[PDB]
Structures are given as structure tokens and as C-alpha cells.
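K.L.:
Opening piece of the complex, as it sits:
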Amino acid sequence: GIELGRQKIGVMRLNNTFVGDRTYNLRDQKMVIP
Amino acid sequence: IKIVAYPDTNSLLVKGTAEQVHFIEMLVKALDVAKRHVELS
Amino acid sequence: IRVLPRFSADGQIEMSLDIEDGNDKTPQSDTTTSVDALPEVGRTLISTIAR
Amino acid sequence: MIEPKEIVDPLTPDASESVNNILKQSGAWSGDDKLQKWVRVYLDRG
Amino acid sequence: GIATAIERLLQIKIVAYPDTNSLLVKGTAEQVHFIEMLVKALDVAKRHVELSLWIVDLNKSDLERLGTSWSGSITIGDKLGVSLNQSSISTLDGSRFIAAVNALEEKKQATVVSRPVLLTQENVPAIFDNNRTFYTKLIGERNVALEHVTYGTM
């Protein structure tokens, strides 16, 4: 169950997307998408 | 809860109460799963 | 190639893709520009996501 | 263009088998060398 | 290593003693016993793993060249001249016409097989590096130095 008293931890897998930030370059500069 | 990695045996060292250790144990078991391979052409 | 693969609910594979196709473009080899550090570079860059 | 697939089986036939076929047909193979075999045996058969 | 791992976990005073490959654990009888058991749990034998890398490189080519190419120039009667296929008249004016002729068939085949072999143990990062290094001088006027380029099989 992953429970301890009144607290617990939930594991949530994403199925239609990605966890994390997307980074790419435009020649001379770096862009980041949260 | 105090958790320290121990690379030598590919394991974690979890220090706390019996319930706290058990709690973390289950968490680890939930996350520790096998991966499939993907070939990209 | 930089890639991050991921399986979806339907067994589909999504990939984060970064692709570079670079090469060496050159000037007329009969000139001095073939000696001086001028290796003109051609590059094709693609950055996207696809399922 | 992109093409992807899931890998579940080990490479068949094993890499070392295919390599031997290549070396022999290409004439590079020298596993029968009376000298080098004293070492090569440790790699080819352990 | 294990000395660092345990130290961080607890913080009992524990000090490593390399000379006898051992740990010095100071505390109460129960605390020492506790750590003793921990150590016994972690102190286990490792198996060996042999890694072989196969690198195969095959090349094949086929070149055919056959025919001629005409270009050049000529001065005629010191009144006019002719240039053929954009010749460089600035010098070709005092030259002639060239008939380049090519005639070559070329076949080529090559094969290379390379095999690095490396022995290690479970959970132990192993390194194999067969390389070459190119050195060069950067003796400037203020700053001076040597630099290098390293490449190979790693």
C-alpha cells in the first residue's frame, strides 16, 4: 500500500507524456521547456 | 529516515524504525522493475 | 543521434529526437582557401517528438 | 525516416560465429597459426 | 567504500584502518554488536565478468573512369584568339589545347575485425583504453603550454 501512519507515497506513471524538461538549441542559444 | 547508497553491492542502506524501514522497502519494490529494449533505425 | 524512447498504453513508442547530419563543404581546390582553415561546414538539424 | 522495434531475443547466430565466417571467407583468419594459437585459445575458448 | 558509507549513515564512532583492512567501531556493547552484524551482511564475495567487444568494419568499392576532356586556347594570326570551354585565357593565350584522357578501372575490398577484452567484477567499473596522443607547443609570449589530442579505443 506504501503507507505509514497518516502518510503515504504514490507512484504515478505517465502514459501519454514525459517526466522532465525538454531542451534544444537554436544555433547560438539554448531553450528549455519545463 | 536516513538513506545512504552503497554502490559496491548495488544496494541501499535505510536507517529508521522498523515501520519506517518497511515503508521504504515497499517503495523500493514498487520502483525496482525490469526494462525492455528498443532498437532505433 | 540523441534519443529518449518510451512505451505508451497502446504499445506505441514515443521518441524525443535530436538529429544532426553534418558534412564538409569545400571551395575550388585550385585556390589557397583549400589550405587556410576554412573547412565550410554544412549541417542539417532536426529537433522534434514522434509516436 | 524513423523505424523502431522492441528487442527481446539475443543476437542469433552468436556474434563470434558470424565473425569467424567473415574472417575465413575474407582470408584474414589466422586461428590456425602455430604460434599465436597459444594465446588466442584463451579468448576463443576461454 | 564501506567506511564512508557507514559513517554517513550513522552520522557511534567508526574509523577505517587500511593497514589491516579493518574497521574500528567505538560505542556501547550493543552498538558495536549492531554494527558488527551490518558489516557481516555487506561483506560478501563477488563473481567475475569478462567483456568482449566485437568491432567489424567492411568496405567495398568500384570506380570506373573512361573518356576525354577538351579545353585550352590558341592565338591566331596575332589578331584574334580562341578559348575552349572557359579556359583561363589570361595565360592560355600563349599556350595550346589540352586533351585530357582518363582510363582506369579500380576494384577495392577491405575488412577489419577488432576485439577488446576486459575482465572485472560485479559492480566494479572497469576501464580499457588503447590510445595515442599527439603533442603540440603553444609557446606564446605571455602564456606558454603544451597541448594534446588523444584518441583510440576506449
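P.N.:
Structure received. Numbering: from 1, shown residues only, chains lettered A, B, ... in the order given.
K.L.:
quick one: buried residues of the strand or helix carrying residue D:21?
P.N.:
For residue D:21, the host element (DSSP states H and E) is helix D:15-26. Within helix D:15-26, the residues that count as buried by 16 or more other C-beta atoms under 10 Å in any protein chain shown are D:19, D:23. For the C-beta atoms, the positions are set from N, CA and C on the backbone; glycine is no exception.
K.L.:
Could you tell me the angle between the next helix or strand after it and helix D:15-26?
P.N.:
Downstream of helix D:15-26, the first helix or strand assigned by DSSP H and E is helix D:37-44. Computed by axes from the mean of the first three to the mean of the last three C-alpha atoms, to 10 degrees, the angle separating helix D:37-44 from helix D:15-26 equals 140 degrees.
K.L.:
what sits up against helix D:37-44?
P.N.:
D:16, D:31, D:33, E:52, E:115, E:117 (C-beta atoms under 8 Å, 6 or more residues apart in numbering or on different chains).
K.L.:
quick revisit: right, quick check: the helix holding residue D:21 against chain B, any contact?
P.N.:
No. Helix D:15-26 does not reach chain B (C-beta under 8 Å from any C-beta of the partner chain); its nearest approach is 15.7 Å.
K.L.:
Residues in a beta bridge with the residue in chain D positioned nearest to chain A, which ones?
P.N.:
Closest approach between chain D and chain A, counting by C-beta to the nearest C-beta: residue D:4, at 15.9 Å. Beta bridges link residue D:4 to residue B:40 when assigned by DSSP bridges.
K.L.:
one step back: is the helix holding residue D:21 positioned near chain E?
P.N.:
Yes. Judged by C-beta under 8 Å from any C-beta, helix D:15-26 comes into contact with chain E at D:15, D:16, D:19, D:22, D:23, D:26.
K.L.:
Turn those residues into TSV, columns for distance to chain C.
P.N.:
Below are the residues of helix D:15-26 next to chain E laid out as TSV (distance: C-beta to the nearest C-beta, whole Å):
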residue	distance to chain C
D:15	23
D:16	28
D:19	26
D:22	26
D:23	30
D:26	30
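K.L.:
Another chain to add, chain F:
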Amino acid sequence: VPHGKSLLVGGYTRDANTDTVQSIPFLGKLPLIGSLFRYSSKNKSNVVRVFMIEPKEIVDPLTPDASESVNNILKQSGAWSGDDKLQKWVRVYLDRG
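P.N.:
Chain F added:
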């Protein structure tokens, strides 16, 4: 990778072919003459590069022992000099302790 098996980690292949034709607009069409004006070329190539991994578990010591195999090599290759009347005074300490 399964014990004693192998996998293709990656690779790169390339196939290519090109050709050219050059000629003199009218002279290139002459029966047994145009050959002196026409020009052609062909260039085909094929490249294959792969990286494969094979791993196994080691449990036994090297058999036969390294020193045995080395002696066989040195003798057959003619480099062996263990019978040198001078050097043996030292070599004995290494070969037999």
C-alpha cells in the same frame, strides 16, 4: 545480455552510387569518333560498421597457466634464452623462485 550470448549495440551502414556523362554536342555522336570526345564515370561504394557485445562469467583460473604458454611461445619463436649460461643465475629466481 543473457549469459554467453550477444547483442548488437549499434552500427552504421552506407550505400552509395553515382555516375556522370559528358560530351561534345555533335562530335560525341560520331560512329567511331565520338569516343574521343565523350566522357563517363561510375563510382559505387558499400560500408558496414557494427559493435557487438558478448559477456560471460569467469570462475576458473586460466588453464594452462600463463607461464606454461609463454614458455611454449618463446621456444617456438626462437626468443627463449632460459638456457643461457650467464643469465640463468638470475632468471632462476623468477622462473622457479
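K.L.:
Re-run the earlier check on the buried residues of helix D:15-26 with chain F in the model.
P.N.:
Going by neighbour count (16+ other C-beta under 10 Å), the buried part of helix D:15-26 is D:15, D:16, D:18, D:19, D:23.
K.L.:
who are the neighbours in contact with the residue of chain B found nearest chain E?
P.N.:
Residue of chain B nearest chain E, by C-beta to the nearest C-beta: residue B:4 (4.3 Å). By C-beta under 8 Å, 6+ apart, the residues touching residue B:4 are B:12, B:13, B:15, E:5, E:8, E:9.
K.L.:
Also residue D:19?
P.N.:
Counting by C-beta under 8 Å, 6+ apart, residue D:19 touches E:54, E:56, E:113.
K.L.:
go on, residue B:30?
P.N.:
Contacts of residue B:30 by C-beta under 8 Å, 6+ apart are A:2, A:11.
K.L.:
same check, this time on residue D:28
P.N.:
For residue D:28, the contact set (C-beta under 8 Å, 6+ apart) comprises E:111, E:113.
K.L.:
Verify the contact between residue B:12 and residue B:6 for me.
P.N.:
Yes. With contact defined as C-beta atoms under 8 Å, residue B:12 reaches residue B:6; the gap is 6.9 Å.
K.L.:
more neighbours, those two?
P.N.:
In terms of neighbours (other C-beta atoms under 10 Å in any protein chain shown), residue B:6 is the more surrounded of residue B:12 and residue B:6; the figures are 18 against 12.
K.L.:
what about the more buried one, distance to chain F?
P.N.:
Residue B:6 is 23 Å from chain F, where distance means C-beta to the nearest C-beta, to the nearest Å.
K.L.:
Then residue B:26?
P.N.:
Distance of residue B:26 to chain F, given as C-beta to the nearest C-beta: 30 Å.
K.L.:
so is the closest residue to residue A:31 other than its chain neighbours in a helix, a strand, or just coil?
P.N.:
Once flanking residues are discounted, residue A:31 sits nearest to residue A:24: 5.5 Å by C-beta to C-beta, 6 or more residues apart in numbering or on different chains. At residue A:24 the chain is in strand, as set by DSSP: H, G, I helix; E, B strand; the rest coil.
K.L.:
neighbours around residue A:24, how many?
P.N.:
Burial of residue A:24 is recorded as 14 neighbouring residues (other C-beta under 10 Å).
K.L.:
let's put chain G on the structure above:
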Amino acid sequence: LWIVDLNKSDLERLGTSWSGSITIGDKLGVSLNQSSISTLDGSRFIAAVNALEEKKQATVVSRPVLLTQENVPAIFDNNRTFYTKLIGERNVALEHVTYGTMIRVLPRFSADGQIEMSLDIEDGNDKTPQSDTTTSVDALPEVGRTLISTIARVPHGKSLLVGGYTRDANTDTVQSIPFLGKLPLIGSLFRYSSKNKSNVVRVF
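P.N.:
With chain G now in place:
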């Protein structure tokens, strides 16, 4: 430490190569197989002829020996050092390149009398360019190095293969003149072929 290095090769070169030029009647000239007409205009045609068979064999065995004690890091280093000046205008200095045979080891006995060793191994040498060039004078001593870093358990009086590198290769070429190369006892003067086989074995 046993270091074994075996080499074998087989080179065959046989045939000809035609190229060059000629001035004809001071009205036109001919270039053969893309010759450098800018100078070849006032030269001639060259018939290069190769004819060489070469066999080669080599073996090297090297054995470093080092005595230490349980849990005592021991060092063995047989090397050479190349020095060079960096006398600039402001900053001046000497620098160097060191390479050779080096062993760093930490031995340890186990419960079964087994010996585990932390091993760092270097096998360096001096690679050189064509000695006929100026690069043999300028501070360019290309260095070759083999590095191994691992851990292994060995039974008393036994041995293990730590690592190695092997290479097998073979290549060949065929060149000819489209029609002349097919002539009964003539084409040999136009055809060209080569073969190059090699085998390399290195172990530690």
C-alpha cells in the same frame, strides 16, 4: 605481470601505373589520368612499376616483477621522460612527457587464501612518423598508451587473463586499363594489384 605481443603480416605489390603528359606539335597536348598539366606540359609519361613481396614476424614478451606485503600499495615504474622548453616572453617553463611500464597494486588475502588485487596498468611507448621528415626533429614524440584499471581475485599460484586486444585485417586492390589489361601477354604491363594481410595479438 606477463605482457605478450605478437605480430604477423604479408604484403604483396605487383604491377604498373601510367600517368603523365606530352606536348604535341606546339598546338595541343595530352594528359593521362589527371596528370598535373601545369608542369607536366613540359615533361613526359611515367610508368611506375611495383614488384615486392614482404613477409614479417615479430614477438615480444615483457615481465615486470614486484614484491610487497599484505595491504601495502606497491609501485613499479619503468619509464622515460622527454623534456622541452616553454621559454615564452613573460612566462617561462620546462615541461615533459612521461611514459613507460607502470604497475600500481594493492594485494589482499581472502578467507580461502585467494589473492585479490587492485590493479592499475600502463604500457606506454614511443610511436614515430617517417624519420625522413622534419617531424622527427620537432617535439612531436607521438605516444602510444595502453591503460587497464580493474580488480581481480586469483588462486594462489594460478593466473588470470586481465585483458587484451586483438586485430585481424585484410585488404586488396585491382587496377587496370579498360582494354589493354585484357591482352594475352601484354595486359600485365597495365594491370596492378595489391594485397595486405595482418594479425595482432596483445594480452596482459
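K.L.:
The buried residues of helix D:15-26 with chain G there, same question as before?
P.N.:
D:15, D:16, D:18, D:19, D:22, D:23, D:26.
K.L.:
Could you do stretch C:17-37 as well?
P.N.:
residue C:17.
K.L.:
what separates the helix holding residue D:21 from the chain centre, distance-wise?
P.N.:
5 Å (C-alpha atoms, centre = their mean, to the nearest Å).
K.L.:
is it anywhere near chain G?
P.N.:
Yes. Using C-beta under 8 Å from any C-beta, we find that helix D:15-26 touches chain G at D:23, D:26.
K.L.:
Next, the angle from that helix to strand E:97-121.
P.N.:
150 degrees.
K.L.:
Let me know the angle separating helix D:15-26 from strand E:48-76.
P.N.:
Relative orientation of helix D:15-26 versus strand E:48-76 (the same axes, to 10 degrees): 40 degrees.
K.L.:
Spatially nearest residue to residue C:34, not counting backbone neighbours?
P.N.:
Excluding the flanking residues, the one nearest residue C:34 by C-beta to C-beta, 6+ apart is residue C:27, at 6.4 Å.
K.L.:
wait, doesn't the one you found sit right on residue C:39?
P.N.:
No. Counting by C-beta under 8 Å, residue C:27 sits too far from residue C:39 to count as a contact (9.6 Å).
K.L.:
Find the residue closest to residue C:47 in space, skipping its chain neighbours.
P.N.:
Leaving out its chain neighbours, the residue that sits closest to residue C:47 by C-beta to C-beta, 6+ apart is residue A:24, at 4.6 Å.
K.L.:
got a list of what the one you found touches?
P.N.:
When contacts are counted by C-beta under 8 Å, 6+ apart, residue A:24 touches A:30, A:31, C:18, C:47.
K.L.:
the longest strand in chain C is where?
P.N.:
strand C:13-24 (DSSP state E).
K.L.:
if I look at the residue nearest the centre of chain D, how far off is residue F:4?
P.N.:
Centroid check for chain D by C-alpha atoms, centre = their mean gives residue D:16 as the closest residue, at 2.5 Å. Distance of residue D:16 to residue F:4, computed by C-beta to C-beta, to the nearest Å: 10 Å.
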